[PDB]
Amino acid sequence: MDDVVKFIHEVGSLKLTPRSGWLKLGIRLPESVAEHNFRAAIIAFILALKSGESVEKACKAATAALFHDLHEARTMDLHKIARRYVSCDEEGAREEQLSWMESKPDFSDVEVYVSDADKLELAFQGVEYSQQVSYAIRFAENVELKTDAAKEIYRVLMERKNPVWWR
Amino acid sequence: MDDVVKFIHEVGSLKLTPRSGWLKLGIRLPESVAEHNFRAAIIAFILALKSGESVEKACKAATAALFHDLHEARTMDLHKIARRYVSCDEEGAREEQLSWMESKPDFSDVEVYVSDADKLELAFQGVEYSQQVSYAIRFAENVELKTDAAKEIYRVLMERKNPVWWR
Amino acid sequence: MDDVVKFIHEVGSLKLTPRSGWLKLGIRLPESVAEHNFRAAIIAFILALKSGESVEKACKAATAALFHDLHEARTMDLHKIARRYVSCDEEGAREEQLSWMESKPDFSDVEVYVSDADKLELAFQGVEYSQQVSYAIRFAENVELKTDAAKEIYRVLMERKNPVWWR
């Protein structure tokens with residue numbers, strides 16, 4: 001049970017890992033990787049449901065999104081610029097990180113919802129941050145989504161560009 | 001002059017790049033890479049002087065320490081854990097980053113002072129953060145220094161473990 | 001060596017001293033004095049080289065820039081408004097602060113590069129912060145630089161007013 005406890009402590013380090021791409025824009029206390037995964041997971045649930053999949057399938061897409069950048073607990077969030085000079089053995093990181101699992105789950109079937117959710121979460125955060133730093137909107141521009149549900153949500157997000165959800 | 005102005009803007013991103021090893025210890029607003037380089041440069045100046053080198057040489061070691069992690073503006077501060085799964089083309093990054101320079105300086109002759117200053121700065125910051133988080137003292141333990149001047153400063157640093165400089 | 005160790009601890013307090021002029025603009029976690037000196041040192045190096053001076057000369061200008069506000073570790077960054085009512089014994093502060101030095105190096109020959117670098121660093125930081133708070137741009141306006149190299153860099157900084165160095 002010790003491996004599981006260390007793994008839960010390790011997962012907590014994602015609350016302490018900044019989503020790095022925002023730092024160069026001058027955003028001082030940007031969202032953490034944990035916060036990106038949280039919302040991306042909820043978006044993935046939505047994409048699956050809106051795509052006609054079952055609740056069970058929608059819950060699997062959400063879970064897969066939570067495990068999506070897990071290895072970054074060890075490798076950090078390598079932003080676009082960095083990836084030009086930095087190569088990471090993600091498979092290795094994930095391997096060792098998930099050593100406590102007898103077997104690892106089959107998420108190949110919801111990978112599309114995870115991928116779209118990851119990019120859509122970024123677009124939403126880009127529109128929200130654009131209110132502080134105009135240039136943040138570029139992270140939401142020319143996003144390549146694969147599913148029709150993601151494309152429709154993205155279209156309305158950019159149509160509105162209005163993060164005020166209250167009132 | 002446009003390349004120079006972009007480079008100066010790029011250098012400023014180091015004020016927005018956290019020294020990442022501290023984040024997993026729960027230190028929320030840790031020193032930036034720029035802050036690490038600032039003090040390491042002053043320490044490198046001191047190491048050279050105390051090592052019997054000339055003021056001119058001491059100023060070169062300080063300058064070399066300022067340029068030491070410059071490429072991290074693009075590659076990020078890859079901490080110990082990350083270095084296990086992450087490989088970086090530092091030379092590549094540095095080259096592209098310093099393209100504006102007609103010819104880049106040597107610094108091979110003060111490399112030892114820069115190397116020791118980097119480690120000593122970390123040890124001082126470890127002792128300082130240990131007052132917040134006990135485990136930070138680990139970054140100041142078992143430090144492998146090369147110069148006798150660095151070894152003596154380190155010895156007193158650890159003998160005293162007292163960051164209170166105001167009396 | 002105890003005086004040297006305390007001095008190094010003291011220098012680290014500059015990572016904890018805010019550049020105060022920004023606080024009244026509502027910028028919450030502004031650059032530290034350490035971060036200002038870091039980039040000003042790199043700029044001073046650039047100014048010397050572009051002014052035809054030698055690398056050794058450029059390295060001395062950078063070092064002198066690092067020691068420029070050192071006394072602020074004890075006196076704080078007295079901003080413009082404050083200086084109307086606040087008088088500080090800077091030489092006294094520096095004197096006592098550098099008592100550990102057998103002798104103090106003379107940076108009289110590079111004081112002009114240090115002076116221009118200090119102001120240029122502020123102008124760059126003003127342009128960068130203007131993306132968050134419009135008024136920040138005033139810190140980059142009507143800047144009186146002395147060297148032709150600083151004037152040329154400043155002219156391009158203000159022609160571009162574009163802190164995006166990554167593309």
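The numbers here are math on the coordinates, done by the rules we state, and not lab data. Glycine also receives a Cβ, built like all others from the backbone with ideal geometry; neighbour counts cover every protein chain displayed.
Within region C:74-102, residues that are over 30 Å from B:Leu47 (Cβ atoms) and in contact (Cβ under 8 Å) with a residue 24 or more places away in the chain reach partners that are of a type in the set (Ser, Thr, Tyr) and assigned to a helix (DSSP H, G or I) with beta carbons closer than 9 Å, at six or more positions or on different chains, in the pairs C:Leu78/C:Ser20; C:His79/C:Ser20; C:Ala82/C:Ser20. Scanning region A:22-71 for residues that are within 14 Å of another protein chain (Cβ to nearest Cβ) and surrounded by fewer than 17 Cβ atoms within 10 Å (Cβ to Cβ) yields a count of 2. Within region C:103-132, the set of residues being in contact with a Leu (Cβ under 8 Å, 6 or more places away or on another chain) and touching a residue at least 60 places away in the same chain (Cβ under 8 Å) comprises C:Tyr113, C:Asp116, C:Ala117, C:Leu120, C:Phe124, C:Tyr129.
State yes or no: is C:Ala136 under 24 Å from C:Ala58 (Cα atoms) and not charged (D, E, K, R)? Working first, answer last.
Working: under 24 Å from C:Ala58 (Cα atoms): no; not charged (D, E, K, R): yes.
No, not satisfied.
Kindly establish whether C:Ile81 is more than 13 Å from chain B (Cβ to nearest Cβ) and among the hydrophobic types (A, V, I, L, M, F, W, C). For C:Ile81, the condition - more than 13 Å from chain B (Cβ to nearest Cβ) and among the hydrophobic types (A, V, I, L, M, F, W, C) - is met.
Suppose we filter A:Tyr129, A:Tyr85 for residues that are under 30 Å from A:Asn162 (Cβ atoms) and either surrounded by fewer than 18 Cβ atoms within 10 Å (Cβ to Cβ) or among the hydroxyl-bearing types (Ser, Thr, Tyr) (or both); which single one remains? Even if it seems obvious, please write down each step before you answer.
Details: A:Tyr85 fails: under 30 Å from A:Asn162 (Cβ atoms).
On inspection, the qualifying residue turns out to be A:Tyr129.
I'm checking my understanding of the structure. Among residues of region A:125-167 that are of a type in the set (S, T, N, Q) and in contact with an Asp or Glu (Cβ under 8 Å, 6 or more places away or on another chain), which one is nearest to A:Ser20 (Cα to Cα)? Steps first, please.
Going through region A:125-167, the residues of a type in the set (S, T, N, Q) turn out to be A:125, A:130-132, A:134, A:142, A:147, A:162.
Right, trim to in contact with an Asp or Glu (Cβ under 8 Å, 6 or more places away or on another chain) and you get A:125, A:147.
Working: A:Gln125: 13, A:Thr147: 26 Å.
It comes out as A:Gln125.
Scanning region A:26-52 for residues that are farther than 23 Å from A:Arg155 by Cα and among the basic types (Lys, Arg) gives a single hit, A:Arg28.
For region B:1-32, the set of residues classified as within 26 Å of B:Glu102 (Cβ to Cβ) and of a type outside the set (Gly, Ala, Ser) consists of B:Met1, B:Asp2, B:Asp3, B:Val4, B:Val5, B:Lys6, B:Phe7, B:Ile8, B:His9, B:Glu10, B:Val11, B:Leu14, listed by residue number.
Among the residues of region B:84-95, are any closer than 20 Å to C:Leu66 by Cα and either within 12 Å of chain C (Cβ to nearest Cβ) or among the β-branched types (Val, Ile, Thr) (or both)? Before the answer, list the steps.
So in region B:84-95, the residues closer than 20 Å to C:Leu66 by Cα come out as none.
Within region B:84-95 (the criterion being closer than 20 Å to C:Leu66 by Cα and either within 12 Å of chain C (Cβ to nearest Cβ) or among the β-branched types (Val, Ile, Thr) (or both)), the answer is no, since none of the residues qualifies.
The selection criterion, being assigned to a loop (DSSP other than H, G, I, E, B) and of a type in the set (D, E, K, R), holds for B:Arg28.
The residue pairs whose first member lies in region C:150-163 and is over 18 Å from C:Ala41 (Cα atoms), whose second member is among the acidic types (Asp, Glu) and surrounded by 14 or more Cβ atoms within 10 Å (Cβ to Cβ), and whose beta carbons are closer than 9 Å, counting only pairs six or more residues apart or on different chains, are C:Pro163/C:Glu128. If I ask for residues that are under 17 Å from C:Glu128 (Cβ atoms) and facing chain C (nearest Cβ under 7 Å), which ones from region B:1-13 would you list? Selection gives B:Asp2, B:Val4, B:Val5, B:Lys6, B:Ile8, B:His9, B:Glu10, B:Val11, B:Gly12. Filtering region C:17-71 to residues that are touching a strand residue (DSSP E or B) at 6+ places or on another chain (Cβ under 7 Å) and farther than 22 Å from C:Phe7 by Cα leaves only C:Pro30. Inside region C:100-150, residues that are β-branched (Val, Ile, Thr), more than 13 Å from the chain's Cα centre (by Cα), more than 10 Å from chain B (Cβ to nearest Cβ) and assigned to a helix (DSSP H, G or I) make up a count of 1. Here is the figure for region A:29-51: residues that are under 30 Å from C:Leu29 (Cα atoms) and of a type outside the set (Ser, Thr, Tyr) total 11.
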